[PDB]
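Let's start with one chain on its own, the form deposited in one PDB entry, as C-alpha coordinates.
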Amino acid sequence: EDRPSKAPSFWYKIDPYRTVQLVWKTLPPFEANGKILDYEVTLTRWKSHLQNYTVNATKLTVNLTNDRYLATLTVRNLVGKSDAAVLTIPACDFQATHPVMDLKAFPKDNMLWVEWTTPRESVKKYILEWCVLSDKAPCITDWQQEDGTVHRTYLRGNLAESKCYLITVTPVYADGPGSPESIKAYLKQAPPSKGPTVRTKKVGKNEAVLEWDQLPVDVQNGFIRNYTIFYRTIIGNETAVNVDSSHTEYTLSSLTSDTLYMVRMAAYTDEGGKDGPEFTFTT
(Lines give C-alpha, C1' and ligand atoms only; values in the text may rest on other atoms or scores of the structure.)
Protein backbone atom coordinates (compact mmCIF):
# COMPACT_ATOMS: atom_id res chain seq x y z
CA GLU A 1 0.00 0.00 0.00
CA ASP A 2 1.05 3.59 0.68
CA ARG A 3 0.60 6.48 3.12
CA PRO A 4 -2.34 8.92 2.82
CA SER A 5 -2.17 10.68 -0.56
CA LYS A 6 -3.39 14.01 0.79
CA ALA A 7 -3.26 16.23 3.87
CA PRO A 8 -6.68 16.64 5.54
CA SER A 9 -8.80 19.77 5.29
CA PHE A 10 -7.80 21.86 8.28
CA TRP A 11 -9.39 24.84 10.04
CA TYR A 12 -10.27 26.32 13.44
CA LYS A 13 -12.72 28.31 15.57
CA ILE A 14 -11.72 30.60 18.44
CA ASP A 15 -13.40 32.63 21.19
CA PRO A 16 -12.55 33.71 24.78
CA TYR A 17 -5.93 33.47 27.00
CA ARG A 18 -8.41 32.14 24.44
CA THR A 19 -9.99 28.77 23.63
CA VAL A 20 -9.29 27.35 20.18
CA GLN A 21 -11.16 24.39 18.69
CA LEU A 22 -9.05 22.84 15.93
CA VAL A 23 -11.13 20.86 13.45
CA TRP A 24 -10.52 18.70 10.38
CA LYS A 25 -12.23 16.43 7.85
CA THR A 26 -12.19 12.66 7.37
CA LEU A 27 -10.05 11.70 4.38
CA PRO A 28 -11.85 9.53 1.77
CA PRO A 29 -10.68 5.89 1.47
CA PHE A 30 -9.13 6.54 -1.95
CA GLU A 31 -6.95 9.21 -0.35
CA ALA A 32 -6.50 7.71 3.10
CA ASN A 33 -5.16 4.63 1.31
CA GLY A 34 -6.05 2.50 4.32
CA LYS A 35 -7.61 2.33 7.78
CA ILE A 36 -7.04 5.61 9.62
CA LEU A 37 -5.33 4.95 12.95
CA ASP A 38 -5.03 8.53 14.23
CA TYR A 39 -4.07 12.15 13.58
CA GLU A 40 -1.12 14.15 14.89
CA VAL A 41 -1.43 17.83 15.80
CA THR A 42 1.33 20.24 16.80
CA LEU A 43 1.03 23.83 18.02
CA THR A 44 4.01 26.15 18.38
CA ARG A 45 3.39 29.33 20.35
CA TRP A 46 5.48 31.94 18.53
CA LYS A 47 9.09 31.91 19.77
CA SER A 48 8.31 29.08 22.20
CA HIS A 49 8.26 25.27 22.37
CA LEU A 50 6.35 22.83 20.16
CA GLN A 51 3.31 21.18 21.74
CA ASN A 52 1.83 17.99 20.29
CA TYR A 53 -1.24 15.75 20.54
CA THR A 54 -2.33 12.51 18.89
CA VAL A 55 -6.06 11.78 18.69
CA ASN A 56 -8.49 9.49 16.89
CA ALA A 57 -11.11 12.19 16.40
CA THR A 58 -11.81 15.10 14.04
CA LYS A 59 -11.56 17.97 16.52
CA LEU A 60 -9.30 19.23 19.30
CA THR A 61 -9.89 21.88 21.96
CA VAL A 62 -7.05 23.73 23.68
CA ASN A 63 -6.39 26.86 25.72
CA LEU A 64 -3.93 29.08 23.87
CA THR A 65 -2.30 32.42 24.63
CA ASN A 66 -3.18 35.57 22.70
CA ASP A 67 0.10 35.01 20.87
CA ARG A 68 0.52 33.51 17.41
CA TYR A 69 0.56 29.76 16.72
CA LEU A 70 1.63 27.57 13.82
CA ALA A 71 -0.54 24.46 13.58
CA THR A 72 0.18 21.21 11.75
CA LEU A 73 -1.97 18.13 11.15
CA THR A 74 -1.09 14.71 9.74
CA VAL A 75 -3.49 11.80 9.30
CA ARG A 76 -1.78 8.45 9.80
CA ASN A 77 -2.36 4.99 8.34
CA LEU A 78 -0.27 1.82 8.61
CA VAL A 79 2.22 2.63 5.84
CA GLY A 80 2.93 6.05 7.34
CA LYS A 81 1.79 9.63 7.85
CA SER A 82 0.31 12.03 5.31
CA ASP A 83 1.93 15.36 4.54
CA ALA A 84 1.10 18.03 7.14
CA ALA A 85 -1.63 20.60 6.69
CA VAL A 86 -0.50 23.97 8.04
CA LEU A 87 -2.51 26.70 9.78
CA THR A 88 -1.53 30.08 11.15
CA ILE A 89 -3.46 31.10 14.25
CA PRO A 90 -2.97 34.90 14.12
CA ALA A 91 -1.89 36.87 17.19
CA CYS A 92 -4.82 38.41 19.06
CA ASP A 93 -3.92 41.85 17.69
CA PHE A 94 -4.12 40.69 14.07
CA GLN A 95 -6.00 42.75 11.48
CA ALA A 96 -7.59 40.88 8.59
CA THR A 97 -8.18 42.42 5.16
CA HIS A 98 -8.79 41.52 1.51
CA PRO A 99 -12.33 40.07 1.65
CA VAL A 100 -14.06 38.46 -1.32
CA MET A 101 -16.13 40.58 -3.70
CA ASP A 102 -19.59 40.11 -5.21
CA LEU A 103 -20.34 37.12 -2.98
CA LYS A 104 -23.57 35.37 -3.97
CA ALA A 105 -25.41 32.10 -3.34
CA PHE A 106 -28.09 30.42 -5.44
CA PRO A 107 -29.76 26.98 -5.69
CA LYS A 108 -29.24 24.92 -8.85
CA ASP A 109 -29.76 21.20 -9.48
CA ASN A 110 -30.73 20.62 -5.84
CA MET A 111 -27.35 22.01 -4.80
CA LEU A 112 -26.61 25.36 -3.15
CA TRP A 113 -23.98 27.15 -5.24
CA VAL A 114 -21.65 29.85 -3.92
CA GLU A 115 -19.56 32.14 -6.13
CA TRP A 116 -17.48 35.31 -5.76
CA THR A 117 -15.00 37.51 -7.60
CA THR A 118 -11.46 36.09 -7.67
CA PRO A 119 -9.26 38.59 -5.74
CA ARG A 120 -6.16 40.40 -7.04
CA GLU A 121 -3.79 38.84 -4.51
CA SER A 122 -2.95 35.13 -4.66
CA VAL A 123 -4.97 33.04 -2.19
CA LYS A 124 -3.71 29.86 -0.52
CA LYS A 125 -7.15 28.36 0.10
CA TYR A 126 -10.79 29.16 0.86
CA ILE A 127 -12.95 28.20 3.83
CA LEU A 128 -16.73 28.06 3.45
CA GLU A 129 -18.81 27.89 6.63
CA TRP A 130 -22.60 27.63 6.89
CA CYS A 131 -25.25 27.16 9.58
CA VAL A 132 -29.04 27.23 9.75
CA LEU A 133 -30.36 30.51 11.16
CA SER A 134 -32.91 29.92 13.91
CA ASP A 135 -34.42 31.50 17.02
CA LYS A 136 -34.34 28.13 18.78
CA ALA A 137 -30.79 27.11 17.88
CA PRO A 138 -27.29 28.67 17.89
CA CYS A 139 -25.13 29.04 14.78
CA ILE A 140 -23.42 25.64 14.59
CA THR A 141 -21.50 25.71 11.31
CA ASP A 142 -20.64 22.98 8.86
CA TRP A 143 -17.70 23.79 6.60
CA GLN A 144 -15.40 22.75 3.77
CA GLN A 145 -12.19 23.71 1.99
CA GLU A 146 -11.28 24.87 -1.53
CA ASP A 147 -8.06 25.54 -3.45
CA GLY A 148 -6.85 29.09 -3.99
CA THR A 149 -7.92 28.80 -7.63
CA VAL A 150 -11.63 28.32 -6.86
CA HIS A 151 -14.06 31.21 -7.35
CA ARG A 152 -17.24 29.19 -7.90
CA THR A 153 -18.39 26.15 -5.95
CA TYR A 154 -21.21 24.43 -4.08
CA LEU A 155 -21.68 23.53 -0.43
CA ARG A 156 -20.75 19.87 0.03
CA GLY A 157 -22.98 17.91 2.38
CA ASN A 158 -26.63 17.45 3.28
CA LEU A 159 -28.64 20.67 3.12
CA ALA A 160 -32.26 21.04 4.21
CA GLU A 161 -35.22 22.53 2.36
CA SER A 162 -37.09 25.49 3.86
CA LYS A 163 -34.05 26.37 5.98
CA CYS A 164 -32.23 29.71 5.88
CA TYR A 165 -28.49 29.11 5.65
CA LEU A 166 -25.94 31.74 6.63
CA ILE A 167 -22.90 31.21 4.41
CA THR A 168 -19.47 32.71 5.05
CA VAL A 169 -16.52 32.69 2.66
CA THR A 170 -13.09 33.27 4.17
CA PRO A 171 -9.97 33.96 2.10
CA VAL A 172 -6.81 32.35 3.49
CA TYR A 173 -3.32 33.70 2.89
CA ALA A 174 0.09 32.81 4.25
CA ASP A 175 -0.11 35.50 6.95
CA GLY A 176 -3.51 34.58 8.33
CA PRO A 177 -7.20 34.81 7.34
CA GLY A 178 -8.71 37.54 5.18
CA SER A 179 -11.84 39.44 6.17
CA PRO A 180 -14.93 37.19 6.16
CA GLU A 181 -17.97 37.80 3.96
CA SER A 182 -21.39 36.34 4.71
CA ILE A 183 -24.72 35.91 2.93
CA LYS A 184 -28.12 34.29 3.54
CA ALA A 185 -29.74 31.79 1.17
CA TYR A 186 -32.10 28.82 0.86
CA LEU A 187 -31.58 25.53 -0.97
CA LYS A 188 -35.31 25.49 -1.66
CA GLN A 189 -37.91 27.89 -0.28
CA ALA A 190 -41.57 27.23 0.53
CA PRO A 191 -44.79 28.73 1.95
CA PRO A 192 -44.31 29.78 5.61
CA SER A 193 -45.26 27.13 8.17
CA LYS A 194 -47.16 29.80 10.10
CA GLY A 195 -49.08 33.00 9.41
CA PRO A 196 -48.69 36.28 11.33
CA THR A 197 -50.86 36.98 14.37
CA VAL A 198 -52.83 40.18 13.82
CA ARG A 199 -53.78 42.14 16.93
CA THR A 200 -55.24 45.59 17.58
CA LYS A 201 -52.88 48.26 18.92
CA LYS A 202 -55.30 51.18 19.02
CA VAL A 203 -58.97 50.55 18.28
CA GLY A 204 -60.94 53.56 17.08
CA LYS A 205 -64.36 54.65 15.86
CA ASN A 206 -63.59 55.36 12.20
CA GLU A 207 -60.09 53.88 11.95
CA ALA A 208 -58.08 50.98 13.38
CA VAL A 209 -54.36 50.49 14.01
CA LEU A 210 -53.14 46.92 13.56
CA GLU A 211 -49.83 45.40 14.62
CA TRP A 212 -48.09 42.04 14.37
CA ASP A 213 -44.74 40.36 15.02
CA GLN A 214 -42.28 39.32 12.33
CA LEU A 215 -42.23 35.56 11.76
CA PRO A 216 -39.33 33.81 13.53
CA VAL A 217 -36.72 32.83 10.93
CA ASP A 218 -37.44 29.11 11.37
CA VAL A 219 -41.10 29.34 10.33
CA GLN A 220 -40.56 31.58 7.28
CA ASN A 221 -39.20 28.75 5.11
CA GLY A 222 -37.97 31.43 2.72
CA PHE A 223 -37.45 35.18 2.43
CA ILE A 224 -40.73 36.93 3.23
CA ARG A 225 -41.70 39.21 0.35
CA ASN A 226 -44.88 40.79 1.72
CA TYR A 227 -47.87 40.48 4.03
CA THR A 228 -51.57 40.65 3.15
CA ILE A 229 -54.37 41.89 5.40
CA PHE A 230 -57.90 40.61 4.86
CA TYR A 231 -60.95 42.12 6.56
CA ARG A 232 -64.74 42.17 6.31
CA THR A 233 -67.91 42.59 8.35
CA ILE A 234 -70.41 39.89 9.29
CA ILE A 235 -72.43 41.14 6.31
CA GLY A 236 -69.81 42.95 4.22
CA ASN A 237 -67.25 42.19 1.52
CA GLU A 238 -63.64 41.09 2.02
CA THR A 239 -60.95 43.68 1.30
CA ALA A 240 -57.30 42.74 0.83
CA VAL A 241 -54.27 44.98 1.32
CA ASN A 242 -50.60 44.50 0.49
CA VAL A 243 -48.03 45.41 3.13
CA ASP A 244 -44.27 45.79 2.76
CA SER A 245 -42.37 42.91 4.38
CA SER A 246 -40.68 45.46 6.66
CA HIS A 247 -43.90 46.81 8.18
CA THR A 248 -45.13 45.82 11.64
CA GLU A 249 -48.14 48.15 11.79
CA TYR A 250 -50.95 49.19 9.44
CA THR A 251 -53.86 51.61 9.80
CA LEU A 252 -57.28 50.63 8.46
CA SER A 253 -59.08 53.69 7.10
CA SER A 254 -62.75 54.37 6.36
CA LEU A 255 -64.24 52.35 9.22
CA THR A 256 -67.83 52.42 10.44
CA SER A 257 -68.43 53.44 14.06
CA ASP A 258 -69.75 50.75 16.41
CA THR A 259 -69.21 47.79 14.09
CA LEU A 260 -67.69 44.31 14.24
CA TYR A 261 -64.74 43.58 11.96
CA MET A 262 -63.00 40.30 11.14
CA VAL A 263 -59.30 40.37 10.27
CA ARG A 264 -56.58 37.87 9.33
CA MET A 265 -53.11 38.23 7.81
CA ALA A 266 -50.96 36.26 5.39
CA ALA A 267 -47.21 35.93 4.89
CA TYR A 268 -45.76 35.25 1.45
CA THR A 269 -42.51 33.69 0.27
CA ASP A 270 -41.38 33.23 -3.32
CA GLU A 271 -43.26 29.93 -3.24
CA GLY A 272 -46.59 30.84 -1.64
CA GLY A 273 -48.33 32.23 1.42
CA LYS A 274 -49.90 31.22 4.73
CA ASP A 275 -52.86 32.67 6.62
CA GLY A 276 -52.72 33.42 10.34
CA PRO A 277 -55.27 33.13 13.16
CA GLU A 278 -58.54 35.00 12.57
CA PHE A 279 -59.06 38.07 14.75
CA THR A 280 -62.06 40.17 15.77
CA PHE A 281 -62.73 43.58 17.32
CA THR A 282 -65.32 46.37 17.45
CA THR A 283 -65.23 50.11 16.74
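The first residue of the sequence shown is number 1, and the count goes up from there. Whichever C-alpha set is largest while still superposing within 1.5 Å between the two forms counts as the rigid core.
- Where residue 16 is followed by residue 17 in the displayed chain, the model omits 4 to 9 of the deposited residues that sit between the two.
- A summary of the deposited B-factors shows that, of 169-177 and 84-92, the stretch with the larger mean C-alpha value is 169-177.
- For the pair 52-60 and 28-36, the mean B factor over Cα atoms is greater in 28-36.
- Residue set 147, 102, 213, 109: peak C-alpha B-factor at 213 (per PDB entry).
- Remark: of 202, 188, 98, 156, 202 shows the highest value [criterion: C-alpha B-factor in the PDB entry].
- Ranked by Cα temperature factor within the chain, residue 242 sits in the lowest third according to the deposited record.
- Ranked within its chain, residue 129 lands in the lowest third, by CA B factor from the PDB record.
- Per the PDB record, residue ranking by Cα B-factor puts residue 230 in the middle third of the chain.
- For residue 262, the recorded CA temperature factor ranks within the highest third of the chain's modelled residues.
- Looking at the C-alpha B-factors along this chain, the one for residue 151 belongs to the middle third.
Form deposited in another entry: not shown, discussed below.
- Core superposition between the shown form and the other one leaves every listed residue (239, 51, 246, 253) with a C-alpha shift below 2 angstroms except 51.
- The Cα shift for residue 170 between the shown form and the other one, taken after rigid core superposition, is smaller than 2 angstroms.
- Comparing the forms between the shown form and the other one, the C-alpha position of residue 35 differs by 2 angstroms or more, with the core used for superposition.
- When the rigid core is held fixed, the Cα atom of residue 70 travels 2 angstroms or more between the shown form and the other one.
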